[PDB]
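Chemist: turn this into a structure:
(one chain, ligands or ions: 3)
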Amino acid sequence: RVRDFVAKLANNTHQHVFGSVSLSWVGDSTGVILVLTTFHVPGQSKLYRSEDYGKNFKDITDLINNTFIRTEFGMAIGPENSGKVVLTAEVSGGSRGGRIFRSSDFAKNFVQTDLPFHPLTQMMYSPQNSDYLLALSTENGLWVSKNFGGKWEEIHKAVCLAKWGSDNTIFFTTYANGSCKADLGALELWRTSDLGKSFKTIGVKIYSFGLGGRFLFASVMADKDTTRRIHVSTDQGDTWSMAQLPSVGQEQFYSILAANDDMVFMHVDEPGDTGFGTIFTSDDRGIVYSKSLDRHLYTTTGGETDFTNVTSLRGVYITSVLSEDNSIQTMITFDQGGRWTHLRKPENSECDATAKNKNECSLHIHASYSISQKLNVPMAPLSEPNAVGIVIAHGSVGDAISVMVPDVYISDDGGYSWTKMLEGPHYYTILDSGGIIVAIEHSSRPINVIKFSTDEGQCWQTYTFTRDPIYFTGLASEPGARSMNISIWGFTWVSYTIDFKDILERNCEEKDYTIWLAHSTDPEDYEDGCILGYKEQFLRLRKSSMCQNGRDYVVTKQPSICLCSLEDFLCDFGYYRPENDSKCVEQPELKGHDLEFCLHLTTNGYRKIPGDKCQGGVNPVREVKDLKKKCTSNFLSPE
Ligand SMILES: *[C@@H]1O[C@H](CO)[C@@H](O[C@@H]2O[C@H](CO)[C@@H](O)[C@H](O)[C@H]2NC(C)=O)[C@H](O)[C@H]1NC(C)=O
Ligand SMILES: *[C@@H]1O[C@H](CO)[C@@H](O[C@@H]2O[C@H](CO)[C@@H](O)[C@H](O)[C@H]2NC(C)=O)[C@H](O)[C@H]1NC(C)=O
Ligand SMILES: CC(C)CCN1CC(=O)N=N1
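Modeler: Numbering: from 1, shown residues only. Ligands and ions are numbered 1, 2, ... in the order given. I have put the structure below:
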């Protein structure tokens, strides 16, 4: 519903003409884009650079000296504004050392450097400092560089896996003899804070390790069995604590679904080839775990899962579960995994063939699992933190995820309500923190048009961006959903970057924004909107208003602190919540893995949900008590 839109886009539209193809953005608010193509012909690499968000590209294959670049390593991009770019070149079969090309000037100038080893993994930038780097050689050697790749010293041999921690710390696992596969479950976990000068052994009998938020996790194998269990440390391995999670076997796996400063979402595989597991939410120490969701779909250790952080609203997560019927259903939690429920269906929607009742059903979302089964899904769900409460996803309306070709649904309130956005599979992108949505029909045949909306998917305009139809491949836009430049890629290889600057000529002002209470279920109630003990009220751009938010737009929100209630605490170890009300109570006797933990000790009977900011009201935390005597009450033990 924008007048004379065609005129504005026509001048703004820009076109550029150009094996294995990869595109990497460099920095924020720089517009630097690198495109790398390699082809194997019985074979040279091509590199392009753009400083205008992809409107124009300049060939810079001269800087790489026509050297072949290995696709597997890809293009290593430096942290935020470092501008560092590293490409791993291919070298002669007999070369003693590897060769890489590096740049620190956002790829304007590249310097060739030979290496003392052959890289086995991609070089990883240290988060605290861009200059520091680490890599693993073909001989499982760990090399570190303090000069952005000029000089590499082998700090330690036989490293199975290495990762960057906070403050330039390095954690790695080593194998005493043979190969990592031989020493599975017998590895040693080491840490060095001095860039290899000094080493500290923080674990033995290690299977693997992981990092999430503050937490550092390590899986340790039993002495008398194959089974392994998780141990957690918040002090970089100086002290360790067992995690109240079940032990698993070699067939089973552990996966960190999501982690942050407050807590972690942990997935434990069920015994057998079920293809599903249970989700556990931790406390602020990562030690005590609450069962959140049953029969959560996860194919294998590196397999597909539909678990999705809805990044546009606090505490909202979406995933898929396998019912006993062997049908897949989509579940959503609005309170960080405290309760899970079915997504509400759009009001003007018809239940499909999967529904028992024609007028009652739910909305189900197509994510990574649907894509892996070769369903007609071109994109997983999309959400951005800048665009408050907006979720866009492919889905079906019924009792379960259906095989039929899907339509696109949008939510403007963080997942509480939905409406059909477009018919049939599409590609979508969010721009200007929600100021514009852009969409691209997915078809077998070429396309010549791009669709855009300025009222959060409620209405759309159709604009033709080319004379000649192209075969659509993908969309590229600056990470962070703050630019107004979108790029359409396809072959007849071409790329039309549209700029929407003219469409939103007017910048936004106070009057454009309006007040919106997030998480509002019942507007009359004092407690309405309390999630994790507090409410958030937002200023968001009115749907009718069509103005640019700007690159420096700031989400404005004010927090209201609710009164603590029992619902803001979870049961500590040794307590459970009966089906009756919600007061935590001490279990008759611990069983299963709960008994394993016994043989954190002090239990308050209640602990505050991590991330919960409620103040005042009830405090149910009890004086610290010890259940060890209760635990060993049944065991005869020596004097
Ligand atoms: C789910 O996504 C949200 C949004 O990205 C995450 O919230 C961010 O967390 C980081 C790290 O704690 C903070 O620096 C940001 O300020 C948060 N963003 C907002 C908008 O609050 C959240 O941590 C994710 N959930 C999990 C479990 O990782
Ligand atoms: C879309 O891309 C253009 C470049 O083609 C961006 O233009 C830049 O704008 C900033 C500030 O407006 C200037 O400091 C830069 O010098 C501009 N670059 C060029 C190459 O002209 C434009 O900002 C992008 N749109 C958005 C919303 O970020
Ligand atoms: C949670 C952390 C120990 C991940 C390492 N992994 C994978 C697995 O399944 N066992 N250890």
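Chemist: give me the neighbour count for residue 44.
Modeler: 14 (other Cβ atoms under 10 Å). (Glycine included, C-beta is placed from N, CA and C.)
Chemist: skip the chain neighbours and tell me the closest residue to it.
Modeler: Nearest residue to residue 44 in three dimensions, chain neighbours excluded: residue 66, at 5.6 Å (Cβ to Cβ, 6 or more residues apart in numbering).
Chemist: got it, and residue 440?
Modeler: Here the residue nearest residue 440, using Cβ to Cβ, 6+ apart, is residue 427, at 4.0 Å.
Chemist: same thing with residue 35?
Modeler: Per Cβ to Cβ, 6+ apart, closest to residue 35 is residue 48, 4.4 Å.
Chemist: surely that neighbour is within a strand?
Modeler: Yes. Membership of residue 48 in a strand is supported by DSSP: H, G, I helix; E, B strand; the rest coil.
Chemist: is it in contact with residue 17, as I believe?
Modeler: No. Using Cβ atoms under 8 Å, residue 48 is not in contact with residue 17, being 11.1 Å away.
Chemist: okay, domains of this structure per the record?
Modeler: 1-505, 506-562, 563-635 (curated CATH domains).
Chemist: just name the most buried of those.
Modeler: The highest mean neighbour count among those, using mean count of other Cβ atoms under 10 Å, belongs to domain 1-505: a mean of 18.
Chemist: do that one and ligand 3 meet?
Modeler: Yes. Against ligand 3, domain 1-505 shows contacts by Cβ under 6 Å from any ligand atom at 207, 208, 209, 210, 217, 218, 219, 230, 253, 254, 256.
Chemist: from those, which land in strands?
Modeler: Cross-referencing the residues of domain 1-505 next to ligand 3 against strands under DSSP state E gives 207, 208, 209, 210, 217, 218, 219, 230, 254, 256.
Chemist: the third one - nearest residue in space that isn't next to it in sequence?
Modeler: By that I understand residue 209. Nearest non-adjacent residue to residue 209, counting by Cβ to Cβ, 6+ apart: residue 218, 4.5 Å away.
Chemist: OK, contacts around that neighbour?
Modeler: For residue 218, the contact set (Cβ atoms under 8 Å, 6 or more residues apart in numbering) comprises 189, 203, 206, 208, 209, 230, 231, 232, 233, 240.
Chemist: quick check: which of the domains of the chain is nearest to ligand 2?
Modeler: Ranking those by proximity to ligand 2 (Cβ to the nearest ligand atom) places domain 1-505 first, at 3.5 Å.
Chemist: my guess is residue 290 contacts residue 570. True?
Modeler: Yes. Assessed by Cβ under 8 Å, residue 290 is found in contact with residue 570 at 5.1 Å.
Chemist: overlap of the contact sets of these two?
Modeler: Joint contacts of residue 290 and residue 570 (Cβ under 8 Å, 6+ apart) are residue 283.
Chemist: returning to that earlier point: redo the ones in strands among the residues of domain 1-505 next to ligand 3 as CSV? Include distance to residue 542.
Modeler: Putting these into CSV (distance: Cβ to Cβ, whole Å) gives the following:
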residue, distance to residue 542
207, 54
208, 50
209, 49
210, 44
217, 45
218, 50
219, 51
230, 48
254, 46
256, 39
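Chemist: which neighbouring elements make contact with the longest helix seen in the chain?
Modeler: As assigned by DSSP state H, the longest helix anywhere in the chain is helix 5-12. The contact analysis (3 or more Cβ pairs under 8 Å, 6 or more residues apart in numbering; DSSP states H and E) places helix 5-12 against strand 461-464, strand 494-499.
Chemist: contact partners of it?
Modeler: Contacts for helix 5-12 (Cβ under 8 Å, 6+ apart): 461, 463, 465, 498, 499, 500, 501, 502, 503.
Chemist: I figured the second one hits residue 448, correct?
Modeler: Spelled out, that is residue 463. No. Using Cβ under 8 Å, residue 463 is not in contact with residue 448; the gap is 10.1 Å.
Chemist: residue 588 in helix, strand or coil?
Modeler: coil.
Chemist: list phi and psi for it.
Modeler: phi -50, psi -60 (degrees, to the nearest 10).
Chemist: now it: how far from ligand 1?
Modeler: 33 Å (Cβ to the nearest ligand atom, to the nearest Å).
Chemist: go on, residue 634?
Modeler: 38 Å.
Chemist: right, and the residue nearest to residue 440 touches residue 380 too?
Modeler: No. Checked against Cβ under 8 Å, the pair residue 427 and residue 380 is beyond contact range at 11.3 Å.
Chemist: contact residues of the stretch 251-400 of the chain facing ligand 1?
Modeler: Going by Cβ under 6 Å from any ligand atom, the residues of the stretch 251-400 of the chain near ligand 1 are 258, 259, 260, 261, 265, 309, 311, 385.
Chemist: quickly name whichever of these is closest to ligand 3.
Modeler: residue 259 (9.9 Å).
Chemist: the strands in the stretch 201-350 of the chain, which residues?
Modeler: 215-221, 228-233, 241-242, 254-259, 264-269, 276-282, 289-297, 308-309, 317-322, 328-333, 341-344 (DSSP state E, counting those that start in this stretch).
Chemist: how big is the angle separating the fourth one from strand 228-233?
Modeler: Put plainly, it is strand 254-259. 40 degrees (axes from the mean of the first three to the mean of the last three Cα atoms, to 10 degrees).
Chemist: centre of the chain to strand 254-259, how far?
Modeler: 10 Å (Cα atoms, centre = their mean, to the nearest Å).
Chemist: what sits against the residue nearest to residue 611 when sequence neighbours are not counted?
Modeler: Spatial nearest neighbour of residue 611, chain neighbours left out: residue 262 (3.7 Å); criterion: Cβ to Cβ, 6+ apart. Taking Cβ under 8 Å, 6+ apart as the contact definition, residue 262 lies against 213, 284, 610, 611.
Chemist: distance of residue 262 from residue 71?
Modeler: Separation of residue 262 from residue 71 (Cβ to Cβ, to the nearest Å): 39 Å.
Chemist: point out the residues in this structure that sit beside ligand 2.
Modeler: Going by Cβ under 6 Å from any ligand atom, the residues of the chain near ligand 2 are 31, 51, 52, 53, 55, 483, 484, 485, 499, 551.
Chemist: what about the helices in this protein?
Modeler: 5-12, 368-372, 593-598, 628-631.
Chemist: which one of the ones you listed lies nearest to residue 26?
Modeler: Smallest distance to residue 26 across the helices of the chain (Cβ to Cβ): 23.2 Å, for helix 5-12.
Chemist: where's the closest one relative to the chain centroid, distance-wise?
Modeler: The answer for helix 5-12 is 36 Å, by Cα atoms, centre = their mean.
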